[PDB]
């Protein structure tokens, strides 16, 4: 039935993260499902490629650290899950 794994509610990043994060979350959730390891492969990919310091979340909205730093975030909801990637300036 109706059930996808990608829904951007609001993207403030340069889109690249929408494609990267979504695919990182798609390849991470399909390749794995540890939940924690997922956020690591996402933060790791963006950390060892775009240099720190980001902070992606995988759950609902428990991040509470988006604007707290700057304004470099990117929201995207997954099937029965939520993820938010953000970094400081």
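Numbering (this note's numbering), first residue to last: 1225 to 1313.
Cβ atoms here follow ideal geometry from the backbone N, Cα and C, with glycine treated the same way.
Residue i and residue j closer than 8 Å at C-beta
i: residue 1302; j: residue 1229; result: yes
i: residue 1313; j: residue 1296; result: yes
i: residue 1232; j: residue 1252; result: no
i: residue 1285; j: residue 1306; result: yes
i: residue 1235; j: residue 1298; result: yes
Closest Cα partner of residue i within the set the options
i: residue 1248; options: 1275, 1261, 1236; result: 1261
i: residue 1276; options: 1311, 1250, 1290; result: 1311
i: residue 1289; options: 1250, 1308, 1273, 1304; result: 1308
i: residue 1273; options: 1293, 1226, 1241, 1227; result: 1241
Same chain, Cβ closer than 6 Å to residue i, neighbours up to 5 away in sequence not counted
i: residue 1270; result: 1278
i: residue 1239; result: none
Proximal residues to residue i (C-beta, below 7 Å), its chain only, five neighbours per side dropped
i: residue 1246; result: 1230, 1300
i: residue 1294; result: 1312, 1313
Close-in-space but distant-in-sequence residues of the same chain around residue i (CB under 8 Å, 5 per side omitted)
i: residue 1244; result: 1269, 1270
In the segment 1272–1309, which residue ranges form an unbroken beta strand (DSSP E) of at least 3 residues, counting only runs that do not cross its ends? For the beta strand (DSSP E) assignment, the uninterrupted runs of no fewer than 3 residues enclosed by the segment 1272–1309 are, from N- to C-terminal side, 1281–1283, 1296–1302.
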